[PDB]
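Here is the structure we will look at.
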RNA sequence: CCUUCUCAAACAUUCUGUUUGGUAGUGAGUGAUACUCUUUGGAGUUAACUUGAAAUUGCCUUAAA
């Protein structure tokens with residue numbers, strides 16, 4: 001499977017706005033338009049990282 | 001200028017008075033702590049009761065200590081910025097924070113004349129919203145319209161009334177103009193009204209604010225500006241309706257009546 | 001029973017006596033209309049009294065305007081019992097200050113101010129605060 | 001036979017609702033169906049199937065003359 | 001007559017009070033400016049605003065040089081009854097009827113009046129072609145009692161009316177009006193200013209939508225500043 | 001004659017109150033098919049080349065409105081007085097009264113449909129309103145209550 | 001059921017710094033003692049706070065028909 005371009009861009013914003021602090025990302029109103037759980041965000045970030053640096 | 005010994009004695013007496021031998025701070029924390037100077041004059045701006053505010057230059061304005069010490073209080077200090085509708089879109093909260101975070105000051109919210117007439121039209125909502133902020137900054141262009149939009153209640157107090165701030169460079173709106181004018185107002189000015197009456201009062205803040213020596217210097221600087229501005233009269237340093245402490249005595253003004 | 005006098009409150013800002021007379025003149029004829037106003041400022045207090053020549057006109061007006069919504073204000077109109085005649089209601093206008101107390105000579109008020117300053121020093125000394133000049 | 005109704009049940013207002021039904025995230029989150037439709041329109045535009053409104057305006061401005 | 005509700009009366013009263021306050025403030029400011037007591041006022045120099053098509057705003061000062069201006073009634077504000085101060089000015093220019101327009105000479109003494117009647121009318125400087133077209137398309141000559149307002153038809157009638165100042169044809173009047181001629185004041189008064197036809201001039205399914213669109217565009221194109229030092233707003237009269 | 005539950009309708013709001021209510025409702029007309037379609041196409045075009053707040057609209061579905069009621073979320077409910085299956089609306093006034101949600105009966109279902117871009121709307125209700133109209137919403141609620149519950153307190157009586 | 005007086009100059013032209021001018025308001029109620037004033041009757045100033053826009057009387061015509 002692969003992640004969409006928009007999803008990858010959003011994950012990039014999450015990364016270079018908070019880094020690895022999923023707790024802070026959970027409350028990121030601007031970037032986290034959809035109030036997803038910390039687990040889903042961390043899983044998506046790990047999936048994106050596996051395909052990138 | 002008046003000797004600093006008299007001001008030192010007055011501030012020492014105020015310090016002694018502040019301490020004397022039922023949970024929340026109803027009025028006590030503000031009655032015996034507020035510092036203000038009463039200036040007498042022959043009908044200050046008797047021609048008209050304009051709501052103009054005079055920004056007296058101060059080396060160490062109370063705004064910074066007010067924000068620092070406002071944390072341990074029910075009321076939280078805040079700054080209100082009012083700008084014209086055309087320039088609000090260009091102005092961005094992120095840019096304002098980035099260019100002002102270095103100095104340490106922050107802007108809680110930005111408002112436009114359109115908002116005041118649509119969302120804050122209600123008297124109850126208007127009073128609730130205005131009372132939240134202690135410092136109000138309004139674009140020079142929109143200050144004339146503000147009294148009609150925001151009513152007259154906000155002008156009953158110095159804190160609530162808007163303060164004119166320049167935001168135009170070469171007749172064109174400039175971000176840096178507002179960015180540094182807000183800083184100058186915050187840390188290099190002291191607003192005060194010009195009532196249509198003999199008595200004039202300036203709120204110097206709580207007693208726990210800038211050190212008494214700094215307070216004495218601020219009092220001297222304010223007195224010099226007032227002397228250079230109007231033909232002022234007897235001046236007293238007063239707490240909340242506490243015994244008045246005379247500081248200046250002008251006699252040539254009486255002969256000019 | 002009820003009298004022709006009517007009490008109206010919740011009047012929208014700017015709804016002055018002339019507008020009330022024009023609007024209520026349709027219901028028969030109104031004897032007199034008065035609106036409460038402040039002394040220092042000429043703006044109305046948003047409540048006034050109007051009298052009708054006939055009680056039927058007063059009751060018709062009360063029924064029609066019992067809870068009429070007028071640009072954000074729901075007007076409430078009541079018909080007073082028998083009697084209860086309207087009292088005086090001055091047509092107050094804006095008050096402009098006039099200066100008259102400058103007749104005293106400057107020399108006399110100079111000594112008066114000196115004496116007042118001395119008395120103030122004595123008083124603040126009496127209050128438990130030590131100060132001079 | 002003909003008598004007025006009685007408010008024995010309606011006399012007291014219902015302070016509490018009937019069913020809890022914990023609110024879903026979609027109520028507090030932007031619509032997902034709208035996002036799906038937007039993505040479908042994006043795909044159609046990419047496939048050269050739907051002319052963007054700006055392109056339609058540009059083409060019509062040249063036309064009609 | 002038809003019953004009058006309270007909402008309309010209250011709205012009219014509030015609008016009239018606002019207009020009266022604006023007029024009083026503008027007149028007081030203008031009188032002080034004329035007295036040369038410009039020490040403490042918002043602005044001293046006059047300003048004229050030109051708005052044209054997208055919209056571009058141009059602010060320019062007003063000089064003492066005479067200029068030609070065309071004014072057309074607008075019938076606004078909606079709920080504002082014309083006050084006596086504005087009523088006198090309108091009567092002097094006999095522009096009470098809607099859509100009516102006349103030519104006036106721009107002078108310093110006329111600037112306060114133009115500012116006072118600014119919201120009620122739309123002003124601008126028409127071109128020579130527009131003036132010629134307007135004069136040659138519409139016109140009125142009062143003819144003998146003289147209860148007749150027959151439209152201008154013959155050049156000899158022009159000779160009969162004025163005669164003395166060489167005004168023998170419609171082109172003479174056009175030149176006198178467009179140019180700063182001596183008889184500009186005399187001819188304009190006798191010209192019986194034109195009664196321009198209304199914009200939509202229709203009612204119906206399509207007509208209602210067109211009128212709604214025109215009204216919506218009017219608000220964007222025309223605005224009431226209501227400021228004490230409100231610049232005079234000018235639009236491209238040549239389009240009309 | 002008719003039982004007390006019937007004839008409860010037709011005791012609609014006065015001219016001024018109904019006009020004010022419709023004027024307020026006209027400020028929250030749900031986007032029609034064309035408006036929503038053009039907005040979505042514009043969003044797609046923006047996405048093609050590269051955070052809005054919650055939209056505000058009047059809730060009108062009979063099932064949707066009934067669901068909104070009994071949960072105290074709804075603030076104002078408008079009820080049509082010309083519903084051919086009267087049983088669909090007989091219980092609405094009493095249910096609203098029991099739940100305490102302010103309600104009113106307006107003349108004509110087509111009038112309700114017009115303000116929601118529908119041929120006929122059985123009911124029209126408001127859940128959330130903008131802060132600007134919050135005071136207006138409260139004033140309209142108070143006026144409706146005064147003109148309906150007190151003026152027509154006998155609407156539920158005298159067959 | 002209409003919307004609210006959204007800037008004008010002198011210097012410096014580091015593209016924004018200095019100085020001046022333009023701001024007349026829903027009402028009611030509660031309330032911390034100083035300024036003058038004219039001598040009397042109170043005229044203007046001075047902390048703070050509640051409010052559903054609340055409230056019982058201070059002696060021009062085409063939104064035409």
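Note that we place each Cβ from the backbone using ideal geometry, even for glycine, and neighbour counts take in every protein chain shown. Nothing in this text is a laboratory measurement; each read-out follows from the coordinates by a stated rule.
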From the square roots a ≥ b ≥ c of the eigenvalues of the alpha-carbon gyration tensor of the range C:1-68, which class results: rounded (a/c under 1.5), prolate (a/b over b/c), or oblate?
prolate
Mean Cβ neighbour count within 10 Å, used as a protection proxy, ranking E:43-50, B:67-74 highest first:
E:43-50, B:67-74
Fraction of antiparallel bridges per DSSP, chain B only, in percent to nearest 5
65
Between the range E:183-240 and the range C:42-57, how many Å separate their Cα centres?
42
Take E:233, C:102 and order them by how many other Cβ atoms sit within 10 Å, fewest up front.
C:102, E:233
Roughly how many Å is it from the Cα centre of the range C:19-37 to that of the range D:1-39, as a whole number?
48
Among beta bridges assigned by DSSP with both residues in the protein assembly as shown, the antiparallel ones amount in percent, to the nearest 5, to 75
Can you tell me the orientation of helix C:55-64 relative to chain C, as the angle in degrees between its alpha-carbon axis and the longest Cα principal axis, to the nearest 10?
80
How shielded is C:14-20 by partner chains, expressed as the average number of their Cβ atoms within 10 Å of its Cβ atoms?
4
The answer for the per residue Cα convex hull volume of the protein assembly as shown, in Å³, is 317
By its C-alpha gyration tensor, with a ≥ b ≥ c as the square roots of the eigenvalues, how is the range B:44-187 shaped: rounded for a/c under 1.5, else prolate for a/b larger than b/c, else oblate?
rounded
Would you mind giving the average projected area, over all directions, of the Cα convex hull of the range E:124-240 in nm² with one decimal?
10.7
Can you give me the angle between helix D:32-46 and the longest principal axis of chain D, using Cα atoms only, in degrees from 0 to 90, rounded to the nearest 10?
10
Taking each pair of different alpha-carbon atoms in the range E:2-240 once, compute 1/r for the pair, average those values, and report the inverse of that mean as the Kirkwood hydrodynamic radius in Å to one decimal.
20.0
Neighbour-count order for B:110, B:222, E:173, fewest beta carbons within 10 angstrom listed first:
B:110, B:222, E:173
Quick check: Cα centre of the range E:1-77 to Cα centre of the range E:115-141, how many Å?
20
In deg cm²/dmol and to the nearest 500, what is the mean residue ellipticity at 222 nm of the protein assembly as shown if only DSSP H runs of at least 4 residues count, each as -39500 (n - 2.57), divided by the residue total?
-12000 deg cm²/dmol
Which of rounded, prolate or oblate describes chain B when judged by the alpha-carbon gyration tensor and an a/c cut-off of 1.5?
prolate
Report, to the nearest 10°, how far helix C:106-126 tilts away from the longest principal axis of the Cα atoms in chain C, using its own Cα long axis and a range of 0 to 90°.
90
Two-decimal ratio, chain F, of alpha-carbon radius of gyration to 2.2 N^0.38 Å:
1.16
Chain A: translational diffusion in µm²/s, Stokes-Einstein, Kirkwood Rh over Cα pairs, 37 °C, 0.692 mPa s
298
Neighbour counts of other C-beta atoms within 10 Å: give me B:118, B:239 arranged from fewest to most.
B:118, B:239
